Amino acid sequence: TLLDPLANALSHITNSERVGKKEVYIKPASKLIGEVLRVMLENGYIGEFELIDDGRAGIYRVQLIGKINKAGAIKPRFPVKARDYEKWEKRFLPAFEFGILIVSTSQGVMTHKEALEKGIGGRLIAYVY
Amino acid sequence: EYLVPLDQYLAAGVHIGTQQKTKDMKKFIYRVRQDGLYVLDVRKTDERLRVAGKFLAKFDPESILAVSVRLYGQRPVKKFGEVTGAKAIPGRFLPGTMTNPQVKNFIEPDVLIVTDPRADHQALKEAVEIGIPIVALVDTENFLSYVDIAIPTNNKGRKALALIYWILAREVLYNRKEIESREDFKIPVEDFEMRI
Amino acid sequence: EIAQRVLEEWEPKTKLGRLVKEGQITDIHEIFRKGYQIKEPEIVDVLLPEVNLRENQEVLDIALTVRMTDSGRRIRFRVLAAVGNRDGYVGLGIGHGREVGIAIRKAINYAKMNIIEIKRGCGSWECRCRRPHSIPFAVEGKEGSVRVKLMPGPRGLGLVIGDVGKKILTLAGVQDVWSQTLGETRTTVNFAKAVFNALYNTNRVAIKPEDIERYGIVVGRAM
Amino acid sequence: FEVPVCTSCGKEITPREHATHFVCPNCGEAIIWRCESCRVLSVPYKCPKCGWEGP
Amino acid sequence: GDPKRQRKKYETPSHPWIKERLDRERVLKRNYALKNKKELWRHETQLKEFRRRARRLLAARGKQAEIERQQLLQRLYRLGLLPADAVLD
RNA sequence: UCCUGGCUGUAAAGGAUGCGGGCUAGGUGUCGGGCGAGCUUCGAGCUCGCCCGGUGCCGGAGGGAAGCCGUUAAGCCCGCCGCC
RNA sequence: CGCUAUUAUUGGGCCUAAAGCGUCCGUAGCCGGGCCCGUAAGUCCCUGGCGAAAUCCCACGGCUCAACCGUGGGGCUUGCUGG
Ligand SMILES: [Zn+2]
Ligand SMILES: [Zn+2]
Ligand SMILES: [Zn+2]
């Protein structure tokens, strides 16, 4: 059944981008999804996401601009230290600063560049490029 | 308002569709009769005709193709060519006119006009291969694939094809400024039609 | 030199050839990203005179194929050939014939007609310079059963790939790369076409205006 | 030089693609580009100046 | 366990009979008056070691990293293969 | 070979295609239920359109060694078990 | 050992080539919808005590250079433990 809504959201995004759509609706919403969308907005992969309220849960409405090649969720959510990031970079990305690993830390969801600047690790949940 | 009194459109049969449909044509569709027949809106036809007139008037006359494999579209196309200086290929479109420079009549135009993208699937393909824009008259059963301007029109009626190409020629001449105004165009709509 | 030697005895058949012969198209990069069709090799002989040098004309594969009739066996020759300016322009062609010279000539003509431009850069974790000696990011290519993946490498790492890929990337202007493959790589035609498509797919990756100076991206000729 | 960008999506045009470009049939100040994918999938385009919203 | 054994300081090629490598090594042997291919191969191995050290150190964070960087650059300047105002590229 | 009461536990037992969930153009038939319009001989009746669910034929991107599959995937994702 | 993505966590495959149980219901086990409060076991950071030497990497110095030996700086010790 439904195990992970984050993966569903990200795959729906990849497919709609690959086929050339403008807007994308994500039915089972959460707070991780909002935070991931926030990171992606700050880094410049989407535009103008908003939350719509029905009585069940939230829905997310997103606009795409054509700056995504791939996007997906990392399972299992691997723990990672502040000393072993290049490994997962080489594993999930095509160049040395190209895309974003999204990490979940005890200080919030962030990109691995910010996490490394602060000097902390965490768990891996997604990647985008 | 209109380019022509609405009842003339209606008597020609511009608002008559097939017993089929297509998601790509829900815009141009307006209604469904109790018989299964679909009805097209005429406002959008008028506007797309004006736009197409401007577009084709912005081009060199003698680099323009008009193609109609259908039989009720060979005479209208021929007179459109006579009136606008544009080339017209009624019958068959020998495959290779655009891709084979070793045929007798080899040409490479700038824009293409099509009466039915389903019957004229050969010219459409060659045009796609050489990379040019496409103006097509489309009905309810037609798709919009490889089509950059679409004119909603009944494609199978002789009166409809005649009226459409008549309006198009008039608009092209106007926007080109070969004439001062409409009603300076004294060709009758009863010439463009196929004779019996 | 031989510009007036190649341009005087040529009469254009198409409209692009006429545009080139008159002098309104003057650089190689003005013929690509439009929907133009290329049906004359003299267009490329005019815009890239370097593809005519014999040292830029690798012949890759020659095969002998047989068709049965009740009389005997009819023999045909198939030649896979590569052409390229060594500064970002490559072409691949196949030619058939009843003898070997005809096949070679047709292969080189079809290779001239199938010209593409590519992007170059550094993109490696271990070099991080800004010079177009490699590809700027990893790319994928496929043909038949063959799958190829190309990854950027550091300077001095010369072309870790099979020999057909070696020659194609050398004609492309690339000097450093790592590679992975799957499938029937012993069939030269499919391997060559997969590497050609991998090189083509460098234009399919979206980038932001900040990546062009991080990786030193160059489109076509450099400097 | 500069690489053109499609008007429906935001992707760059590839060299040997079956893309096209024309002038807005409504006003006539902008240039419309269309890549092979939007042409074959009937993805609608919209003028940047006046928003004509053609097929 | 197994104890230590001294190991070679030169490498051999992966295939012995490639025309390009043969031609290049022939030219070098002739123009520098070498007796064998071992000498060429061990000089090449020196180079490869330098090149691997550089590739590793590059973008490595810490203190031992910069220490080793400066060590490498000074060693090269002393050997005579680089000027003073040089960099890791 | 059929009936009553029990054992055996196998087949091209084949869609030669394990089960659940989200996504990626549609068209045209048929079966059941519901809604809305028009006909009517006033019939649990006829025709047209829409929503849900089943079952078929075509088909574009896309996939595949190909034959072919193609929103009833042999496509991209999240899972578990059996097998080579 | 590698070649071998022919043992595949990274990283294979099961219509026709080897390969879906004849089909169902269910025990352990693995995977599990959305918000709020708590704890802080896993996870992350900082620090104390341990993980012999030789072996491995780097620079300097002594045997003609080197191999070898010495001084120092790092790793290895697949980790345990106190805050
Ligand atoms: Zn580099
Ligand atoms: Zn596009
Ligand atoms: Zn406009």
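Just so it is clear, chain C uses Swiss-Prot numbers, and the residues here are 6-228, in order.
According to its header, this structure was worked out by electron microscopy, 3.0 Å.
Just so you know, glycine gets a Cβ as well, placed from its N, Cα and C.
Features of the protein shown, as given by Swiss-Prot:
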{"type": "BINDING", "residues": "C:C127, C:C132, C:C134, C:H138", "note": "Zn(2+) binding site"}
{"type": "DOMAIN", "residues": "C:60-123", "note": "domain 'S5 DRBM'"}
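Around C:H138 (Zn(2+) binding site), taking its Cβ as the centre, 23 other Cβ atoms fall within 10 Å, counting all chains. Least crowded of the binding-site residues (C:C127, C:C132, C:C134), judged by neighbouring Cβ atoms within 10 Å of its own Cβ: C:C134.
Cβ atoms within 8 Å of the centroid of the Cβ atoms of C:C127, C:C132, C:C134, C:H138 (the Zn(2+) site) belong to the same-chain residues C:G126, C:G128, C:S129, C:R133, C:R135, C:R136, C:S139, C:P157, C:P159, C:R160, C:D181, C:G221, site residues excluded.
Under 8 angstroms separates the C-beta of C:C134 from a C-beta of chain E, among the binding-site residues C:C127, C:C134, C:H138. The helix, strand and coil residue counts that DSSP assigns across the domain 'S5 DRBM' (C:60-123) are 16 helix, 35 strand, 13 coil. In the three-state DSSP scheme, C:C134 (Zn(2+) binding site) falls into the coil class.
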